[PDB]
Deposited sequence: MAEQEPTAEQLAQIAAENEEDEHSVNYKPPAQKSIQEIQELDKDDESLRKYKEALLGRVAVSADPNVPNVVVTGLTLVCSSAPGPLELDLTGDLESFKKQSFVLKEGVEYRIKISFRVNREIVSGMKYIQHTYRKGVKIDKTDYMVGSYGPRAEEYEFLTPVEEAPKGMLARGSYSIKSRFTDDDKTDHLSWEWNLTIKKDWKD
């Protein structure tokens, strides 16, 4: 429908907290810190344990509690396909995203999922999903985003352009791509 107004997703509607990202320190530098302090070691062990970049997003899964079957995206390799792939999602449904990743060498500080929504070259939203900090390990990690509700659409029932990326406090660009989502009725 006519969308001349939508260029104004209200104010940012933000509440960013002034947080200074942590200086860059390596796990080795971390364990060689206070090595005479037993408790610290138990503390570091309780938290870390015992051709690839540091982080690798395996896939996003859309946890929808209405229509059977999963809903995933294989964030591995060929991503151009997403630009011609079409995705639908019923109106105002209760959903949540399941981000699954894997950390390899160092620590990921403040990893986050940023999702810009577009409707004719008009960013009508910027949502940030704080995933968190994690240590390296073989077992992948899985993080569920808070419960949510898709928009209504006697108005916003058109197709949209979606640009996503995974970054963190170190402003590292772990992943990024664009896809197309559409809101139907059934």
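Numbering the deposited sequence from 1, one finds several regions with no C-alpha coordinates, namely 1-8, 59-65, 202-204.
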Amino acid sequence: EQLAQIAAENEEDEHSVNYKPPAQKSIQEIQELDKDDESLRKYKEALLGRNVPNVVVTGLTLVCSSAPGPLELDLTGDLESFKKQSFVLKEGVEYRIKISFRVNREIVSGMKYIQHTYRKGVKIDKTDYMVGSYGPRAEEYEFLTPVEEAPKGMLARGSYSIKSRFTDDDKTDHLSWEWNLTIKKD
From here on, numbers count along this sequence of modelled residues.
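The mean Cα B-factor in the deposited entry runs higher for 152-160 than for the other of 139-147 and 152-160. Stretches 57-65 and 35-43 differ in mean CA B factor, with 57-65 having the higher one. Residue set 97, 73, 111, 93: peak C-alpha B-factor at 73 (per PDB entry). When the Cα B-factors of 30, 122, 131, 48 are read from the PDB record, 122 comes out highest. Annotation for residue 105: C-alpha temperature factor in the lowest third relative to the rest of the modelled chain, per the entry. Residue 24: CA B factor in the middle third of modelled residues in this chain (values from the PDB entry). Placement of the Cα temperature factor of residue 165 within the chain: lowest third of the modelled residues, per the deposited record.
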